[PDB]
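Peer 1: Got a structure for you, questions after.
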Amino acid sequence: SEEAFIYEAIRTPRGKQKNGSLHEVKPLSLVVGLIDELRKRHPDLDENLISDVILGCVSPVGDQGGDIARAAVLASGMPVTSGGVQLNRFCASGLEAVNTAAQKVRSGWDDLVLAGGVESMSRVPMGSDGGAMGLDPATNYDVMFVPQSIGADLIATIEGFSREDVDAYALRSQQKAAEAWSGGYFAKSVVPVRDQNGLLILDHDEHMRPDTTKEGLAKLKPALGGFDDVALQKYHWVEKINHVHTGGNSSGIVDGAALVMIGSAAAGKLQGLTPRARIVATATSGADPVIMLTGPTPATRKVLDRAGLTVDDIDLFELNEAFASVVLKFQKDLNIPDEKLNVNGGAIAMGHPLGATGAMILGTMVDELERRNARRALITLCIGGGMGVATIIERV
Amino acid sequence: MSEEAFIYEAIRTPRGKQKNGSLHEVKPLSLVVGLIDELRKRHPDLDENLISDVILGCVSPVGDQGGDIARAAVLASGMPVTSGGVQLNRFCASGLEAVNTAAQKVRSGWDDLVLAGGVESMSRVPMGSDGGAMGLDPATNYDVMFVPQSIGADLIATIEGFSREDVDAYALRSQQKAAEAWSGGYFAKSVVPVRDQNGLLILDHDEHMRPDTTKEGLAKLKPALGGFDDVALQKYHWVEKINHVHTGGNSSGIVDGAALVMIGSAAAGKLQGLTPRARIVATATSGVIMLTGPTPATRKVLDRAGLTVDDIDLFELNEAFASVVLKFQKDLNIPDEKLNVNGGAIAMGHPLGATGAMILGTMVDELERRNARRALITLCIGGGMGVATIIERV
Amino acid sequence: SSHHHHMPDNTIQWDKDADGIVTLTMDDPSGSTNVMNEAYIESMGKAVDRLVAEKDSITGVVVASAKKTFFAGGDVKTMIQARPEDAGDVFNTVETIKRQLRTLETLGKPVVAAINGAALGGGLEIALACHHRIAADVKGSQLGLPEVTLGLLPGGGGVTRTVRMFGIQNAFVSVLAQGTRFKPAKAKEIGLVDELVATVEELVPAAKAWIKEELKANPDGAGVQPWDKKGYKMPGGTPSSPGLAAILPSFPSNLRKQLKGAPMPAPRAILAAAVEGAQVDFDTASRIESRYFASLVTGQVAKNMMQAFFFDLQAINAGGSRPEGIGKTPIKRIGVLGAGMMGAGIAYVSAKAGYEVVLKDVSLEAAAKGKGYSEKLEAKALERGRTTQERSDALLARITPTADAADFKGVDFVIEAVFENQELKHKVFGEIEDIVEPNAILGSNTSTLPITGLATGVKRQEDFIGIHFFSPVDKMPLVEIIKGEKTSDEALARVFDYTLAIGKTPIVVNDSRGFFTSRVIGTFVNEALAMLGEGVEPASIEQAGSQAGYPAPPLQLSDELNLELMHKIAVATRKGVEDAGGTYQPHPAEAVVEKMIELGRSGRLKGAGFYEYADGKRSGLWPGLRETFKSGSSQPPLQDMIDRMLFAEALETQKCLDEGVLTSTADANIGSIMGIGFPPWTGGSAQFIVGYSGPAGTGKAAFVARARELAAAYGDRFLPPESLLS
Ligand SMILES: O=S(=O)(O)c1cccnc1
Ligand SMILES: O=S(=O)(O)c1cccnc1
Ligand SMILES: O=S(=O)(O)c1cccnc1
Ligand SMILES: O=S(=O)(O)c1cccnc1
Ligand SMILES: O=S(=O)(O)c1cccnc1
């Protein structure tokens, strides 16, 4: 019944892994800083109307353990009634938090919800939380666990994506991320990180290499034994995996956080909030878990049928650039026009902070829909274990 | 706010005790897989491709419980790879928040059939194993005056005036009702025995229960780090001394367990041939002393469903601490014959991430055994949170 | 809980001396070897009960044996009968065994194992329960946990204790995963044994001496294992340790890479029990190990491997196919005709046993190249420390290369290994038959040509026989003895005894075209080439062979066999039925071989076949292969490709068992396993029939059903024979 609207969508800059500016910043501080920015934009916002804070986090241990969403509610002085819940659906945790916030508003049992994600990979590396699919030999031996890297190389092999093909996309991502920054596209959405004294720590995406060349990408070397033979035991018609993915055509390991304010139409009226976009539909699906990175394609199909739309009804497509082959396969499968796909760059140039990425690229499309005065955008991410989440937003 | 969400199945494992427990050798992933196989056994023709998500609550998602335990369950059990899988943590009410999130996914129309529940093997992954953003940041821990749940419960008993014999009287009541519920066969079809890879029995009862508890034995127990008592009284400055009345015999037990709930739309139930057992009427979320969160969450869920206390037939509040239940009973004048009628966590245990779904399935069964209409389930939470849910028998 | 389970003679002798040291002397009076049977369990239960009752007058314990071996193996005759409904009994039995060893391990006083001989499986598990292990360095003594070779796991604490001693990785790779056997010197090198003695008479004295010093020097830690002390640190860390958890997810994938995806559950269960046990206390780890053991014993693969590698392999060594009523006959000089890869390996394994070998070829340069095969095998043996400089000289000195037929004087055992051709074999035998001893065995290493025909080229046909080796001879354990129509029983027993002398396993085959190994391996390769002609992807065919459990994929093997030789076998098979007025149905693989020969890709020897070979090294499949056979036009389920290769060999074994080519299922199972590489998890090409398991069921009836299903889809060659019906 109730329609979920996006009122605010902000994010931190993405600090790089080695000698990154955000390494000295606890992941809790990254979220609190975004909360304070929302207050600056709406000083008379009745925070008592906020019923939940939903944060995606893939490695909820150490600095990110103990329900970091509740920690942000308490540390930022929000009312103790604002809840706080952490969730983990691997790469699409940030987008699942936004969709869960939207589905909470649609059910009529929640009126105004904050959602997003946070990941400080330089302080909490991925895999720090352990896991059963890797550290239980009985179930690991059965499900044939294979890292996302080999699965991405397997996709390039089957589809015929050469080393030059994936590197060509990686260059395109660098060029479009540079044009977006130099063009001021991110001026209002990227909230610079500062210390307790107000000193600047980071105000831009450190991982970007705007002077990338195809010759430089071709010099990079491609990314524990056994995983290569295990993948071919299932995909038995393939003789050899062509390893095309490097650090230059795969997503970057960065730190960052993102926040989205979602509420009903009546909630926006009571608080003087102008809606920016509307959540049209959300969907979840998946494909094989040995190759993975293939769940978003049927999730995109599922979210289109549910909203009664087709590819030609969508103005912008945003797929997380975990690996270049996954995006190129997604483009071939649905015949996505090149000028509609990741128009402001992606995680290859700017980084992939796991639990926050989904909310970041979601906020990116909200801004690009307004800047272009376009109508609809589709946001989707590939997921480990073979999952996929998709969302359609409509400009308001 | 259109599609109605129904409960089709609600099962749980027995709860194994912390010291020399039968479930210590069982990985928490296997506790969930065992419940999934039980659902298959009860519906051998269920098209699992209709299941769109598996939502598991887990407070310590590290070690054997890390890496999205819900996705591990989907893959390990052989469920369709399109069934998703997500872990969430909202402290004690994670199991109920997973059920509520599953119900809200069905109401939005964007999901048809969802598995929901929780898992916590506390004898393998103890509470606090995941660390915490508050404990690892003294600047935040200093400003946000942090006091453990144990002391806030003692503070509630001090302010409300609950004596050591008052809280121990409730602990005796819980042990007696839990033993009566087991002897009467109330849990025969909802507690699924845990077995090994050969079919041998591992556990089939809540081995934390002490059905021979006496008032004298509870009085001999001793009450459960420095600073936290002074930090609490810095906030509640009108209180002189905190009366420590909570022991291990009137507090929730540390146990291992899991629970699964199948939630779906009316169309999904008809399509798969499933009988709806109850209907999700409403959910709500609101809330240094902690544990005072479920009182506004209960009023909010009653106000949201257009009901009062007199409309509810059964009240189920998690027995984290005896004083928390006694305050809840006093704040809302809950009749004694309606409050935790089959015992609670003091007798059977509190497996954190799974408790919310366990006590929900307990009320689905007791509503049908009594042929009653409505029930209310709520859990207190650390940090000051609270979740409540109203179900109606179909 | 008791030390007893639920009549048998006592196994353990009790002896307490004046110092208070109790000596438990294991001596089962119902056999020459101490075995972990129901008599032992009851005996050790009474002994352990007595140690507890008399604890106040006991200062130490010495576990000893009165046999030539210390303690070897368990009760296979009982384990092979355990049904899935018996999982509770099997669990209780191994729990009672480990409850006895745990009590002995925690008596508060030192326990020393005096290992006088072989301590294998349950025998080593008893010694591992002791606080100190002393081994006598004698000939033939071995130590290890070879339970995995029977499809089992060390369920008497072997997994739990070796992991506590060496860590997860070292225990799995070096001890558990493959059941490696160690000589006493190597056992101490890796920590499996603490000290050595020169003879068995020093053991019990040294055991009591160690107890006396341990009580005096280490009074607080006496009788306390390292994993029972506070502050115990597992070597390599626990799964929660950050260093081990970095590589731990790669352990199952590395295991799946080594096993090539073959369906053998025992290594998987050992790895799971090892890791799961390292996450909990010792007792809980021990109970987890029990459940994984009961999982394997009640399974079918363990029954297959117990049948093949215990019962069948014993019956063969006991002279099952050896003619009864024939005495021993010595061998003094062996003469090998031909210095190829086969003839050189035959000369090596014969001289390594201790025989004097005369290696004849047509030129001295060729015979010298044959001995160079032995010299290069001794060079690799010295560089890795597996032999001495003196034994290598005595080995090579027994090999006398030559090029003259006169050097075959005094030879009483001839083994011909020339090129596969009847006229060439008739020629080289007539030259030397009058120069060898009048009772000399005239053997032939032919693989397909019938023996009865080759025996006509000599006068002493009663001593002509087929002695079929397998390349490489130095590493292949089977010898296929083919009995011609004129071959006597004495010649059969003499070749039988020779096979055991060189350390190889024999099978006896009646004369026929292709014998048994060459004929059955023909159906396996033919099925792969048939699938290639049908349009199945070559990579899928190779995957099906590896995942079925074969040591080498079938297309790769086809190149090592040469398609030119493969075509000649088919032409001889057709001519062997056409010249009898019979009917011959060509295999679909024949058309594939002919087209590859036409294309000049006849195998590895040519330099090109189904694979590409650059500098004598295989380097990927031939890219033109997919366009030649329309690869991809047929995509059957992988299990169909696997079953087609397994069932073809199983059905051919049944034929040549009904035709009388084979005389026992033991020869069929061990012959298929050790001869041509039939997957060991099946238990052999004959055991595969009685142990098949699929969606239909388990047993001979399930095999017949699946075979009829394959026949309806892929051809009447999969129709089950009459002998398999009721
Ligand atoms: O490795 S193969 O040569 O089998 C292959 C398979 C599929 C697509 N390109 C190449
Ligand atoms: O005496 S105290 O200040 O601890 C107290 C006692 C009962 C209720 N409120 C406060
Ligand atoms: O049963 S055991 O695995 O101990 C064994 C012992 C001796 C030879 N084969 C197997
Ligand atoms: O994983 S290992 O490389 O130790 C292994 C295991 C079983 C057989 N061969 C090798
Ligand atoms: O199944 S048979 O081996 O009889 C066969 C079938 C088709 C072509 N040649 C032979």
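Following Swiss-Prot, chain B shows residues 1-224, 231-293, 297-403, kept in their order.
Here the Cβ of each residue, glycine as well, is placed from N, Cα and C on the backbone.
According to Swiss-Prot, the protein carries these features:
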type: ACT_SITE; residues: B:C92; note: active site, acyl-thioester intermediate
type: ACT_SITE; residues: B:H359; note: active site, proton acceptor
type: ACT_SITE; residues: B:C389; note: active site, proton acceptor
Peer 1: Excluding near sequence neighbours, so keeping only residues 6 or more apart in the same chain, what lies with its CB under 8 A of B:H359 (active site, proton acceptor)?
Peer 2: B:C92, B:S258, B:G259, B:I260, B:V261, B:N327, B:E328, B:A329
Peer 1: Quick check: in three-state DSSP terms, what is B:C389 (active site, proton acceptor)?
Peer 2: strand
Peer 1: In terms of DSSP three-state secondary structure, what is the assignment for the residue listed as 'active site, acyl-thioester intermediate'?
Peer 2: strand
Peer 1: For the residue listed as 'active site, acyl-thioester intermediate', list the number of other Cβ atoms lying within 10 Å of its Cβ atom.
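Peer 2: Result for the residue listed as 'active site, acyl-thioester intermediate': 30 other Cβ atoms within 10 Å.
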Peer 1: For B:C389 (active site, proton acceptor), which residues in the same chain are close in space, meaning a Cβ under 8 Å from its Cβ, but six or more apart along the sequence?
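Peer 2: Same-chain residues close to B:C389 (active site, proton acceptor) (Cβ under 8 Å, separated by 6 or more) are B:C92, B:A93, B:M299, B:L300, B:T301, B:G302, B:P303, B:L326, B:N327, B:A329, B:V333, B:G395.
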